[PDB]
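**Q** quick one, fold the following:
(5 chains)
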Amino acid sequence: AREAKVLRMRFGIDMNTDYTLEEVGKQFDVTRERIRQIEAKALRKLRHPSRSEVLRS
Amino acid sequence: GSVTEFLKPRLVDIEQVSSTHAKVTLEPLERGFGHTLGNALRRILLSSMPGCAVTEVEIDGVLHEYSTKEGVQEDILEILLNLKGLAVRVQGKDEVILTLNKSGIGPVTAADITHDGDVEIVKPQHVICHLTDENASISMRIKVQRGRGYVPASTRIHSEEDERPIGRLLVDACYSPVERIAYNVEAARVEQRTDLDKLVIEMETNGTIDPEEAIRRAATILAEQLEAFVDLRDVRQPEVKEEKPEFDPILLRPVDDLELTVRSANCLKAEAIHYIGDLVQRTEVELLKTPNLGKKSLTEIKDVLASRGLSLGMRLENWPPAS
Amino acid sequence: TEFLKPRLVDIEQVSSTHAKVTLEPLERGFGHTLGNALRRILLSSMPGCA
Amino acid sequence: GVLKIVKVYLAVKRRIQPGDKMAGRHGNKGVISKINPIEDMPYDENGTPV
Amino acid sequence: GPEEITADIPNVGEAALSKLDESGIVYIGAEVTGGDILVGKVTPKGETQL
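**A** Numbering: from 1, shown residues only, chains lettered A, B, ... in the order given. Below is the structure:
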């Protein structure tokens, strides 16, 4: 949840208005760098699944 | 087992009228058989026969097969059509490259080919070129293979030579060495019984194959194919292929797909790294200890790996499943 | 280099006498050559008493 | 229109694929069916087929 | 913006320079098949929103 919502809210998906590091860092106490840390970790997770890989092209 | 009578066939006089035409008579034959084997053998001979045929030709100063050349009366396509009828007979190889240099006024035949110790040319008098000016000179590396049954260049779109240079011209291949095959039954004057025939098989080849190894290879194919007509277990296929990739299919491709420098490519080829499935799980610690791989080469790898979404030196102890 | 062998083989006996046999993997003309051969063998070169 | 253009003349060679409209000289229309091996076409006393 | 004839076509692999030169036009004498590129060309268009 603290990673799905992070990825979802940052790049603005299924919520229209996308927010930034601060507007997400405020709603999750820890500001900026901490949330960017998680944001990068979620991207780390997507390095084996092939679904979005082929969807790329 | 104890039944039936039957007889057996055997070769008689193989009258070699010429280097192409041939007659292989089979005398010890009954009535029904002498007419049955006539079609079996005729088809296998007019089809399922070996031989050799040109597949590739690389000519200097000629890119595509539609160009011409100074001092050449004939155009490139025609010279490719003449090389179609090259009566070649290779000793014990599957692929040979006969060179052909020839300069000066005059017709260039199959003789002006470099007489190789393995290649046996039937007709060196065969036409291939016709140089005009005395300052005209040609040189073509010809390729001859061994196979069976037509199969042109149109069949191999690009399933041979991933690179294959501009100058390589693909030619069609008439593999089978048997032009025509005929046969007459005829009553045989076998000094024995009275009601027997002698399957006469009038034959016409190119001289690149003899009636001995020809009728034997032919009948041999019939035997091997009749071999399945014995027992009938009705063996089915198991099928049921697995539809669940445990890993990203991209890990199956070779490092060539990475599109990197030659120096880095040779390094991966020297460190026993073929697929990206090994580069994706190799650390920078091991990449620095690699011969001729400095800062520029390592930066190249991480940039060509990261762009594909993959990283460098990850771990996936599942390498590789699972055939 | 050489040739292939017929792998998928089916046999359905529409009784003890009438039957059908099918062999799929065969090259050009071989099905017909073996057809005429075996036909010409079964219609005369077979034993049996009558 | 605008700017530079590139024309690329590429030449292909077609064989007689099954379906080409081929005719004689006496209104003899015809369309090729199949391809048919030399091994199973009508021949005479010599090796010559048709 | 103008459309330029280049070899820097986005979303291409090694099949690009395979047939195409340093410029973006396939070499005279290259064998091509259905799908390959003959002339590298890109047209400007930003926005897209995504």
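
**Q** leaving out chain neighbours, which residue sits closest to the spatially most central residue of chain D?
**A** Compute the mean C-alpha point of chain D, and by Cα atoms, centre = their mean the closest residue is residue D:16, 1.9 Å away. In space, and not counting its chain neighbours, residue D:16 is closest to residue D:32: 6.1 Å by Cβ to Cβ, 6 or more residues apart in numbering or on different chains. Using the backbone N, CA and C atoms, a C-beta is placed for each residue, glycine as well.

**Q** same question for residue D:21.
**A** residue D:31 (5.6 Å).

**Q** contacts only, for the one you found.
**A** D:19-22 (Cβ atoms under 8 Å, 6 or more residues apart in numbering or on different chains).

**Q** let's go with 7 Å and repeat that
**A** Neighbouring residues of residue D:31 by Cβ atoms under 7 Å, 6 or more residues apart in numbering or on different chains: D:19-21.

**Q** could you do residue B:45 as well?
**A** Counting by Cβ under 7 Å, 6+ apart, residue B:45 touches B:178, B:181, B:214, B:218.

**Q** can you pick the most crowded of the residues you listed?
**A** residue B:181 (26 neighbours; other Cβ atoms under 10 Å in any protein chain shown).

**Q** what bridges to that one?
**A** Taking DSSP bridges, one finds residue B:203 as the beta-bridge partners of residue B:181.

**Q** how much space between it and residue D:50?
**A** Using Cβ to Cβ, to the nearest Å, one gets 14 Å for the distance from residue B:181 to residue D:50.

**Q** counting neighbours, what do you get for residue B:276?
**A** Neighbourhood size, residue B:276 [other Cβ under 10 Å]: 23.

**Q** cool, residue B:2 as well?
**A** Residue B:2 sits with 3 neighbouring residues when counted by other Cβ under 10 Å.

**Q** same check, this time on residue E:6
**A** Count around residue E:6 with other Cβ under 10 Å applied: 13.

**Q** and it, what helix or strand is that in?
**A** Assigned by DSSP states H and E, residue E:6 belongs to no helix or strand.

**Q** touching, it and residue E:43? I think so.
**A** No. Using Cβ atoms under 7 Å, residue E:6 makes no contact with residue E:43, being 11.0 Å away.

**Q** I'd like the list of the contacts of residue B:45 that fall within strands, please.
**A** With DSSP state E as the criterion, strands contain B:178, B:181 from among the contacts of residue B:45.

**Q** which of the contacts of residue B:45 lies closest to residue E:13?
**A** Set against residue E:13, the nearest of those by Cβ to Cβ is residue B:178 (45.3 Å).

**Q** gap between the closest one and chain C?
**A** Distance of residue B:178 to chain C, computed by Cβ to the nearest Cβ, to the nearest Å: 14 Å.

**Q** once you drop chain neighbours, what's closest to the residue nearest in space to the middle of chain E?
**A** The residue lying closest to the centre of chain E (Cα atoms, centre = their mean) is residue E:40, at 2.8 Å. Sequence neighbours aside, residue E:24 is the residue nearest to residue E:40 in space, at 2.7 Å (criterion: Cβ to Cβ, 6+ apart).

**Q** pretty sure that neighbour is touching residue E:16, no?
**A** No. Using Cβ under 7 Å, residue E:24 is not in contact with residue E:16; the gap is 8.5 Å.

**Q** which residues do these two both contact?
**A** In terms of Cβ under 7 Å, 6+ apart, residue E:24 and residue E:16 are both contacted by the residues residue E:7.

**Q** sorry, back to before: nearest to residue A:22, of the contacts of residue D:31?
**A** Distances from residue A:22 to the contacts of residue D:31, taken by Cβ to Cβ, are shortest for residue D:19, at 68.4 Å.

**Q** what's the local residue count around residue 26?
**A** Unless you meant another one, I'm taking chain A. Neighbours around residue A:26, by other Cβ under 10 Å: 13.

**Q** wrong one, I was asking about chain B
**A** Using other Cβ under 10 Å, residue B:26 has 22 other residues around it.

**Q** and what of residue E:16?
**A** What residue E:16 shows, counting by other Cβ under 10 Å, is a neighbour count of 17.

**Q** phi and psi next, for it.
**A** Dihedral pair for residue E:16: phi -60, psi -70, per degrees, to the nearest 10.
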